[PDB]
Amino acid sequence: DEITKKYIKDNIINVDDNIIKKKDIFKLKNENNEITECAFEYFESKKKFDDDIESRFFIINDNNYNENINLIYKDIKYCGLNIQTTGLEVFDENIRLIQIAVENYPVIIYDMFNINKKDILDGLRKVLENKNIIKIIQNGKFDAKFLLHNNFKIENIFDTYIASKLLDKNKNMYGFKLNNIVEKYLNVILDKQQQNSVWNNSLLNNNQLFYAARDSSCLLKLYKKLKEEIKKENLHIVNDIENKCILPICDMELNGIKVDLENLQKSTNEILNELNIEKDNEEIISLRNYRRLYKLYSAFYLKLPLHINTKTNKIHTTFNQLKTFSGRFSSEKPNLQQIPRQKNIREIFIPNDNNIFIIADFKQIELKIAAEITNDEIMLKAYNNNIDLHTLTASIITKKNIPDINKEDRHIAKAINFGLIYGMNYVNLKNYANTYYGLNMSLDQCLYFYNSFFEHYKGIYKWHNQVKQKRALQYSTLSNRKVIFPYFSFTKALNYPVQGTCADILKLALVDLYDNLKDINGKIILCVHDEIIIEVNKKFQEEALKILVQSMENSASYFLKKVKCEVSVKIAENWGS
């Protein structure tokens, strides 16, 4: 095979006989400041492509290299970053190729396997590092993980998937592939034909480089149009937050979380013993106890070891920030939000030797947001004077005073608050309290709760009547996250703004946290519900404490402009304390 052996010096296998090595002159304007033209050797296709998408490209080996190529980067503002790797899991794979697409230029492809001189990469590294160069990516979290793990400081990322996923206003589950997005906004059907490629071998296939290169080219025009649609429907803030939240997410996944095997397998054998005890064993006893221990055992304790990286005893879960309807985070394999909320269990999660955990929580942020969005004078003033809404509600229900209040009144107040705020009638309220609070409150009594509640909280009353009357399907957030319902659901309609705003505060907090937590080399570990976990060296204890508090408070203060959030923090050696 002579045609196949045609471009072996460039580590390319010519299968379809469709590749051409062309050496020509390029019109650069760099060097010093004068227009300096330079000759390069690029590759082109014999077969002409249908629509107008760049397919010409350079390949970079340690053998063949031209410093002048770096001059292409000089004075750019955005580029199409797209890498190909030897698999999925970064920790057990290597980066094959790294591609950069530049306006009106053929794609630049670094071959990482054949390269060996570091000097070359300095161009790539400088670009990726350059805070002022926008790197356009498809599924940026993935590539970003690989790069950060392979030590490539990246910054200023624009994610096409995020853009497309937001412009969807969350009304479609599928249709977010590169081909689909391009086919939609650019109106160009990609040739596709991408079979299961093997980047592991040192010979690069012919067609795969073309298609791959195109997958970079389209990111430019696509970035332009998507950018335009974003700034049109006012989603700049959202995009800013999310696209900046990429790196924090990568930090979470890369850092993982260490687990103690002693207490783990101890609890395994113990709960297993109690399980078999219940197996050998009124009604509530056998049923609830057996199935409870069964879930804690099989559905948790037996599941967890699957994701334990044996040698490190770390769990590296995968996070998602747009697969959630509300907008909050979602973790999978395992699902951290699915793990029980007890002390005995979570105790098995520990920091590393010279490190220590810091765990922050947002207190009553749901009702705080609801208070501002609703703009209820009574609730806002109650918060401004540092008073728990449950204490308030309890005082309004029982007509007691703050000294004469008692814990049970706060209990009832909790049921009433979390019940009625999210819109529900006194009947369902009785069921809700009777189920989740075990309170035999008469229907008349719950009616009294309803009337007193809404009679006092006129803000909430107006909010409810507004939503219930307009019966809108479109809904937004303080970050302006638009969502479209299929049908008008009252509860969901009331709930979405709150949950969404909460999510926004969490993400913005993680971004600010990721940027502030660098000096003491502090690590981000976890974000579940309304609590965040960071791991820092025992030296930076009080420091990291102040940092975390200030960061979250700055976020909550960014969105909320007339409510002060209470961030309760605990410096711990365990998740449970």
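Residue indices: 1-based, along the sequence shown.
The segment from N344 to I345 is modelled without interruption, since every residue of the deposited sequence in that interval carries coordinates. When the C-alpha B-factors of 285 to 293 and 442 to 450 are averaged, 285 to 293 comes out higher. Comparing 100 to 108 with 230 to 238, the stretch with the higher mean C-alpha B-factor in the PDB entry is 100 to 108. Comparing C-alpha B-factors across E278, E377, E253, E93 in the deposited entry, the largest value falls on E278. Based on the entry's C-alpha B-factors, the most elevated value among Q541, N70, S551, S45 belongs to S45. Sorting the modelled residues of the chain by their CA temperature factor places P486 in the lowest third. The deposited CA B-factor of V567 belongs to the middle third of values across its chain. When the modelled residues of the chain are ordered by their C-alpha B factor, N14 lands in the highest third.
Compared with the other modelled residues of the chain, the Cα B-factor recorded for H529 ranks in the middle third. In this PDB entry, the Cα temperature factor of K266 sits in the top third of its chain's modelled residues, the highest group.
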